[PDB]
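Protein chains in written order, with the working numbering: chain A, 10 to 168; chain B, 3 to 90; chain C, 13 to 754; chain D, 2 to 44; chain E, 15 to 236. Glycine residues also receive a C-beta, built at the ideal position from the N, C-alpha and C atoms. These notes are about the structure you will find just below.
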Ligand code: CHL
Ligand code: CLA
Ligand code: CLA
Ligand code: CLA
Ligand SMILES: CC1=C[C@H](O)CC(C)(C)[C@H]1/C=C/C(C)=C/C=C/C(C)=C/C=C/C=C(C)/C=C/C=C(C)/C=C/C1=C(C)C[C@H](O)CC1(C)C
Ligand SMILES: CC1=C(/C=C/C(C)=C/C=C/C(C)=C/C=C/C=C(C)/C=C/C=C(C)/C=C/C2=C(C)CCCC2(C)C)C(C)(C)CCC1
Ligand SMILES: CC1=C(C/C=C(\C)CCC[C@H](C)CCC[C@H](C)CCCC(C)C)C(=O)c2ccccc2C1=O
Ligand code: SF4
């Protein structure tokens, strides 16, 4: 079940059931970071929403104010601050890596060898759209989790 | 008396059954190899024996000892499970 | 066929070679030009494989050297028994074990050293021992000094026999190569002849000697009035007065009436409440069953009668579903390389020793052992250290195999190739898991130290705070403690008192064993142990797997097993050899074993050992401080090292002053090693040039030109002195503490 | 031979062992005869 | 030639060249390859013959004191079982003229003279007829075979002269009457352990009423 990658053993890896099964390829090709024919803004928005939604729990349950009546607000604010730090880091990486006007450095070949248009994400403008989407989605996702957990007070398991 | 008891017959039965299995091609032997467990092959003992079937003196003792082991196990299991008297 | 074939008079016995040092080496036999020669002479002495490329000669030398080692071991045992017979208080100890301290070494009165002859009791003055020979001798039924004398004489005769056998089997009749490669017959003889019959004979000794003697000993009978061991043999009435089942002889054995022997063949479990050790009848049944198991095992392989499994057939039959037969070619590899066999055997013996150390503290097999705290601590620590060293040696000699014996053009193996073809993935994943374990184990201690220092104890990880309970261990303990009755109906009590089932055994007003509880601190320290072991594995496995090449040095196998570097280029290439990986692994092994023995010492002193009053109030040695204090580093520094060092540092002026002297000397040696570890040889050779000028000035410059130590020798001297200093420091600390306070 | 055994007894570690053993014996006997000395009292 | 448990490897070197050859080597200890030390066909044959010759008179001398005492020709004090004569102190003793241990040194001197003198002929035959030995050195020469010395001293009467095949028949008789004696010694050694009575006395119990057989003597009393 283990074979060379694309029939080329002399590349620095060998295909396994982990890296070549169609089940993994479908899931990884259905993720926002690999939708090469979608505008960077929406791809960044989905990422920001998901990560901001997930970051609420740790700050709200493990912090130094967990046994106080305002623990939910502290957790939400911690999630928002972390999202701000991550957005700053994304902008810095984009500035350092991509220059204005340079062509995309994304691979232009598929498994069979068919040429494809390069991904717009690996550019100065696409990365900026992705970063703005990530920030907006992160704030929205944090707010949504706070609203669902400590405003409506849905009946969860160990909230 | 010990002779004629339940324990005295089980050992004889097991030893006779194992000897018959070993000699008449029902089990591996010196001149009969085996790989999977059911495949009866045909080896050479390499020692002169009067018996024309290949049964060798070192091949009698193997089945003789297997019979003793199996019979002792069965007898002690029967004694512990109840179905026979603990001391005979 | 399996036949005994030798060669007659291979090597002539002469003194000519003794007068020519370096005779074994073609490059050393010339004589010295520099001091380096001398060091080389000792470094290459037992490397037979490099002396010649002939396998048969290597095998013959190995056989003779093993005989020599057996002769030395017999000398050691003869000395132990003679010193026990001549200069000990064993006879007095036989009459009051709980109040008298064992002693078998005495010193001469010069320069004031006679103060070391301390007051151990029983009208005797000397040095207290912790090897546990007294308990072993009592368990063997020994009651007189004459018997010990006879055993020592027998051991001297055996040592002579082993040395003569070495001489004969090397210089007179040397076996051929086919003799050594009969692995089926060797396995048959060592499984059945050595282990099975050895256990059978010892079980017979226990049944016919040890049990009746210990009956009188525990009955309160003066040792000089006990019947002699041969009286129980030629007078069966005397033996039948204690065990009535000896009246019927061996008839139940052959008639399958074995239940008649239940008097001295039991399945009790637990401990004897008088001696605090395992029941002797359980040990006898154990050795009988083990003997049967090994006797049956030693009939599996085929030698001369066409019956039995061939070893090559088993390996070649299993094959693999992954497009090939993986286990094909291992028989040839394992029958032509001494180093690979040594690697596998060293690993197995080293792990077994750790098992022995763990099992002997929790199920104490000798009488009056559990309440002799110094002996218990000594035995556990000793066997831990031995096992660690053997395991490291396994990696070293596996690397030697990879460098010198691996050859895919003549002896191919598919599994070894497949492993070599994903070494990057293996090593990267081990690296990551090491980082994860280190963070989530040591950072917890760091977090606790910070929280405690900031006045926030309610945010710590502790039993009174955020709890991390080891639920799986508690569940396994509960299963084992309630095993007698359902899953093991034939056993009276559990295998150990530590499992649970509230009950305590006390001998002479001292606790032997009792249940051991587990909490947050135990969870933390167990994950620390996991961290240290995984890191040691990372280093040693990297050493073995990249021995022949890497992305940095494509032709490393041409440089050899033991070489210092390949130059300052490529960014720098110091310590790329496999020998350097072994060198680095020794440090992490030391770290791991030190933490293991510290955990053992503190936990046993805090939760097990202690005294008990008439009403049954247990007072522990350190009073249960482990649970709250061992969860910060400051706790280990203050409540363990600083508190328990008092005995060793206050020992001057008493019989324990030698331990204070060794404490200081071992700190000295440890610090001395750093000079070798931190520096390099160019500086030292430059200094030696200036010193040699001065010697030349006065016509005293030697012909053997002085040279600094080689780079490899510098590293070797460094690690050797580091380990000796650290281990000896801990040795003195433990022995003074446990002897004074226990 | 006697020549070869005399040659082997003259090698450096063996001769060092014998020399240091004799010296240690001499010092031990002297300290047994004149013990606990901090000075030279004869003259 | 009745071959007994003869293997394929054993038949190569066993070809009826030695007296009493029947071809029983189920282990191969007499294989000619890889010889050294003691394992060697000449030494093995010599050792078998010598142990048998010793066992002959060993078994004979361990029975006469009891039977001859029973028949009424030896005083009852002297007539005792063999294992009660002093060789095994825990199993009875007798007071002889000097000592249980001085007799050992007296015996060992005389036996060591004979054994050390016999060992030399095995190494270099005929070397005992050279040096002066009170005039008896002209007879202690040998024949050429250490096992069969012969000569006037070892053959005062010519029972093995004027024929050749008769000598082979006598060697074959010696092999049988020596192999029987070793098993007899083993039997009389085990019988005393399992019964504690004189071997000659044990004969009558089975001879008269064959009821007290081995099964009744399996409890292994003192
Ligand atoms: C002192 C013992 C002794 C020795 C050294 C020999 C030696 C020999 N026998 Mg002989 N025998 C001995 C006793 C006996 N043999 C026989 C029956 C035979 C036969 C039928 C034949 C021989 C033959 C041979 C020769 C070749 C076989 C061989 O491998 O020899 C080397 C073998 C050994 C040195 C084995 C030694 C074993 C050792 C004495 C005992 C080992 C432990 C025992 C298994 C258990 C002992 C327990 C105690 C309590 C008794 C060789 C000269 C063959 C031949 O051609 O002869 C001319 C042959 O055909 N022997 C009997 C009667 C049962 C013996 C009884 O004591
Ligand atoms: C049942 C027979 C038997 C027994 C008891 C032994 C015993 C031993 N063998 Mg083994 N061996 C056997 C058969 C046997 N062997 C056979 C058939 C072969 C050939 C295939 C080998 C080939 C072999 C090798 C190549 C080596 C051993 C070694 C050893 C030693 C391992 C260390 C140990 O546990 O010491 C435990 C110590 C003791 C129990 C105390 C010593 C007691 C005495 C000396 C035991 C003598 C056993 C021996 C079979 C006696 C033969 C006598 C006869 C030739 C006159 C040990 C003494 C190793 C060793 O160290 O050799 C020196 C070793 O290198 N054996
Ligand atoms: C106390 C001394 C010490 C320390 C702390 C380390 C640390 C380490 N060694 Mg080293 N080592 C030492 C002595 C030490 N070594 C010595 C004396 C030798 C010579 C024999 C070596 C030889 C050696 C080898 C040969 C190897 C290591 C490896 C490692 C790593 C193990 C992985 C791990 O746990 O990652 C987790 C990290 C830690 C446990 C470090 C502490 C982190 C703290 C608790 C948290 C910090 C919080 C936060 C980030 C603070 C930020 C502050 C901000 C202001 C910057 C780690 C970086 C191995 C490695 O690389 O494995 C992957 C390895 O192969 N060491
Ligand atoms: C350097 C001294 C020396 C030594 C160590 C030996 C050693 C030996 N000689 Mg040699 N010999 C020597 C000098 C020596 N000899 C000299 C100088 C000569 C030249 C004349 C000879 C001439 C010689 C001959 C001709 C023979 C020997 C033999 C022997 C062997 C005897 C073995 C034995 O079992 O003896 C057993 C004896 C003892 C262990 C000593 C017992 C001593 C007892 C207690 C003395 C009691 C005396 C008694 C009171 C006297 C009165 C008794 C009466 C009342 C009944 C032995 C290897 C014999 C041999 O085997 O040759 C192959 C042999 O035939 N030697
Ligand atoms: C007289 C007298 C007197 C007084 O009173 C007392 C006294 C002193 C006691 C006495 C004496 C005695 C004596 C001297 C004896 C001797 C004996 C002997 C020698 C034996 C052997 C004996 C011997 C013997 C048994 C032997 C045996 C053997 C055998 C089995 C073998 C077998 C075999 C063979 C073949 C070969 C193959 O491959 C293997 C086998 C199969 C294994
Ligand atoms: C001659 C002949 C015949 C007959 C034969 C016979 C009759 C045989 C028999 C045989 C036999 C009859 C054999 C046997 C054997 C046995 C054995 C070999 C055994 C073994 C055992 C063992 C080894 C045991 C063990 C044990 C013990 C000790 C204890 C515990 C348990 C057990 C079990 C583990 C016929 C007619 C056919 C043909 C013609 C000829
Ligand atoms: C100290 C040191 C040295 C110098 C140390 C040396 C040369 C060791 C000297 C050992 C002894 C003292 C040499 C003399 C041995 C004689 C046999 C002594 C004869 C006199 C006695 C009998 C009294 C190195 O060469 C070195 C090399 C590489 C890394 C680190 C270091 C390093 O740290
Ligand atoms: S510093 Fe030493 S070990 Fe490193 S490359 Fe230079 S010589 Fe080699």
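Do you know how far the Cα of residue 679 of chain C is from the Cα of residue 672 of chain C?
Translated into positions along the third chain, residue 672 of chain C becomes position 660. Translated into positions along the third chain, residue 679 of chain C becomes position 667. CA-to-CA, the gap between residue 672 of chain C and residue 679 of chain C works out to about 11 Å.
Starting from residue 8 of chain D, find everything on chain C with Cβ-Cβ shorter than 7 Å and list it in chain order.
Locating residue 8 of chain D in the fourth chain gives position 7, where the first residue counts as 1. By Cβ distance, chain C contributes 31.
Name, please, each residue of chain B whose Cβ falls closer than 7 Å to the Cβ of residue 271 of chain C.
As a first step, residue 271 of chain C must be located in the third chain, where it is residue number 259. Correct list: 88 and 89.
Tell me whether residue 688 of chain C counts as near ligand 3, meaning its Cβ is closer than 8 Å to at least one heavy atom of that ligand.
The count along the third chain starts at 1 and reaches residue 688 of chain C at position 676. Because no heavy atom of ligand 3 lies under 8 Å away, the Cβ of residue 688 of chain C does not count as near it: no.
Contact between the stretch 133-144 of chain A and the stretch 99-117 of chain A: three or more CB pairs below 8 Å?
yes
Please name the residue in C:195, C:607, C:458 and C:401 whose C-alpha comes closest to that of residue 323 of chain C.
The sequence position of residue 323 of chain C within the third chain is 311, counting from 1. It is C:195.
May I ask which residues mark the beginning and end of the alpha helix (DSSP H) holding residue 85 of chain C?
In the third chain, residue 85 of chain C corresponds to position 73, counting from 1. Counting along the chain, the alpha helix (DSSP H) containing residue 85 of chain C begins and ends at 67-98.
Residue 79 of chain E to residue 202 of chain E span [Cα, whole Å]:
Start at 1 with the first residue of the fifth chain, and residue 79 of chain E comes out as number 65. Start at 1 with the first residue of the fifth chain, and residue 202 of chain E comes out as number 188. Approximately 14 Å, taken between the alpha carbons.
Find the residues of chain E that neighbour residue 13 of chain C, judging by a C-beta separation of less than 9 Å, and give them in chain order.
In the third chain, counting from the first residue as 1, residue 13 of chain C sits at position 1. Neighbours of residue 13 of chain C on chain E, chain order: 23, 42 and 45.
Neighbour-count burial assignment, residue 586 of chain C, 16 or more Cβ in a 10 Å radius:
The sequence position of residue 586 of chain C within the third chain is 574, counting from 1. Residue 586 of chain C is exposed by the Cβ-count criterion.
Within chain A, the residues that residue 61 of chain C reaches when beta carbons sit closer than 8 Å:
In the third chain, counting from the first residue as 1, residue 61 of chain C sits at position 49. Those within 8 Å of residue 61 of chain C in chain A number zero; the least Cβ separation is about 35 Å.
In chain order, what residues of the same chain lie with their CB nearer than 8 Å to the CB of residue 165 of chain E, ignoring the 5 residues before and after it?
Working through the fifth chain from its first residue, we reach residue 165 of chain E at position 151. The answer, listed in chain order, is 153, 154, 155, 156 and 157.
In terms of residues, what are the limits of the beta strand (DSSP E) holding residue 136 of chain C?
Counted from its first residue, the third chain places residue 136 of chain C at position 124. Its beta strand (DSSP E) spans residues 136-140.
Determine the direct distance from the alpha carbon of residue 76 of chain C to that of residue 138 of chain C, and round the result to whole angstroms.
The sequence position of residue 138 of chain C within the third chain is 126, counting from 1. The sequence position of residue 76 of chain C within the third chain is 64, counting from 1. Answer to the nearest angstrom: the Cα atoms are 39 Å apart.
With DSSP as the reference, label residue 87 of chain B as helix, strand or coil.
Within the second chain, the letter at position 85 stands for residue 87 of chain B. Coil, per DSSP.
Where residue 115 of chain C falls: helix, strand or coil (DSSP):
Stepping through the third chain from its first residue, residue 115 of chain C is reached at position 103. The answer is strand: DSSP assigns residue 115 of chain C an E or B state.
Roughly how many angstroms separate the alpha carbons of residue 354 of chain C and residue 56 of chain C, rounded to a whole number?
Your numbering for residue 354 of chain C matches position 342 in the third chain. Your numbering for residue 56 of chain C matches position 44 in the third chain. C-alpha separation (whole angstroms): 18 Å.
Are the beta-carbon atoms of residue 58 of chain B and residue 32 of chain B separated by less than 9 Å?
Translated into the one-based positions of the second chain, residue 58 of chain B becomes position 56. Translated into the one-based positions of the second chain, residue 32 of chain B becomes position 30. Result yes, Cβ atoms of residue 58 of chain B and residue 32 of chain B sit closer than 9 Å.
Can we count residue 692 of chain C as close to ligand 8, meaning its CB is less than 8 Å from some heavy atom?
The sequence position of residue 692 of chain C within the third chain is 680, counting from 1. For ligand 8, at least one heavy atom lies less than 8 Å from the Cβ of residue 692 of chain C.
Among the residues of its own chain, which have a CB less than 8 Å from the CB of residue 258 of chain C, if the five just before and after it don't count?
For the purposes of this step, residue 258 of chain C is taken as residue 246 along the third chain, with counting starting at 1. Same-chain partners within the cutoff: 248, 251 and 252.
Measuring from the CB of residue 107 of chain E, is there a heavy atom of ligand 5 at a distance below 8 Å?
The sequence position of residue 107 of chain E within the fifth chain is 93, counting from 1. Not so, every heavy atom of ligand 5 lies at least 8 Å from the Cβ.
Quick check: is any heavy atom of ligand 1 less than 8 Å from the C-beta of residue 357 of chain C?
Here residue 357 of chain C corresponds to residue number 345 of the third chain, with the count starting at 1. For ligand 1, not one heavy atom lies less than 8 Å from the Cβ of residue 357 of chain C.
Within chain C, the residues that residue 2 of chain D reaches when beta carbons sit closer than 9 Å
In the fourth chain, the residue the question calls residue 2 of chain D occupies position 1. What residue 2 of chain D touches in chain C, judged by beta-carbon distance under 9 Å, is 26, 27 and 28, going in chain order.
Determine the closest residue to residue 53 of chain C out of C:41, C:610 and C:708, with distance taken between C-alpha atoms.
Here residue 53 of chain C refers to the residue found at position 41 when the third chain is read from its first residue. When C:41, C:610 and C:708 are compared, the shortest CA-CA separation from residue 53 of chain C is found for C:41.
Helix, strand or coil: which one does DSSP assign to residue 660 of chain C?
Sequence index remark: in the third chain, residue 660 of chain C carries index 648 (1-based). Helix.
Take residue 208 of chain E as the anchor and find which of E:228, E:219 and E:39 has the nearest alpha-carbon.
By 1-based counting over the fifth chain, the position of residue 208 of chain E is 194. Of E:228, E:219 and E:39, the residue nearest in Cα terms is E:228.
Do residue 51 of chain A and residue 41 of chain A have their beta-carbon atoms positioned less than 9 Å apart in this structure?
As a position in the first chain, residue 41 of chain A is number 32, starting the count at 1. As a position in the first chain, residue 51 of chain A is number 42, starting the count at 1. Cβ distance < 9 Å, so residue 41 of chain A and residue 51 of chain A count as in contact.
Any residue whose CB is nearer than 7 Å to a heavy atom belonging to ligand 1, listed in chain order
E:18, E:28, E:32, E:34, E:35, E:36, E:37, E:38, E:39, E:41, E:42, E:43, E:44, E:55, E:58, E:59, E:61, E:62, E:65, E:193, E:196, E:197 and E:200
Can you give the beta carbon distance from residue 208 of chain C to residue 310 of chain C, rounded, assuming they're within the 8 Å contact cut?
As a working mapping, residue 208 of chain C is identified with position 196 in the third chain. As a working mapping, residue 310 of chain C is identified with position 298 in the third chain. With 8 Å as the limit, residue 208 of chain C and residue 310 of chain C qualify as a contact, their Cβ atoms being about 6 Å apart.
Taking a cut of 9 Å between CB atoms, which residues from the stretch 309-341 of chain C lie near chain B?
311, 316, 317, 318, 319, 325 and 329
Nearest-angstrom Cα separation, counted from residue 584 of chain C out to residue 33 of chain C
By 1-based counting over the third chain, the position of residue 33 of chain C is 21. By 1-based counting over the third chain, the position of residue 584 of chain C is 572. When rounded, the distance between both Cα atoms is 38 Å.
Find the residues of chain D that neighbour residue 123 of chain C, judging by a C-beta separation of less than 7 Å, and give them in chain order.
Stepping through the third chain from its first residue, residue 123 of chain C is reached at position 111. The contacting residues are 32.
Using a 10 Å radius around the Cβ and a threshold of 16 neighbouring Cβ atoms, would you call residue 45 of chain E buried or exposed?
Counting from one through the fifth chain, the residue named residue 45 of chain E turns up at place 31. Residue environment for residue 45 of chain E: buried (at least 16 other C-beta atoms within 10 angstroms of its C-beta).
Closest to residue 95 of chain A by C-alpha separation, out of A:138, A:29 and A:144, would be which residue?
Position 86 of the first chain, counted from the start, is the residue given in the question as residue 95 of chain A. For residue 95 of chain A, the nearest C-alpha among the options comes from A:144.
Nearest candidate by alpha-carbon position, reference residue 134 of chain C, set C:116, C:143 and C:220
Position 122 of the third chain, counted from the first residue, corresponds to residue 134 of chain C. Per the Cα distances, C:116.
Does ligand 5 have a heavy atom nearer than 8 Å to the CB of residue 76 of chain E?
For this step, residue 76 of chain E is matched to residue 62 along the fifth chain. Checking the Cβ of residue 76 of chain E against ligand 5 gives yes.
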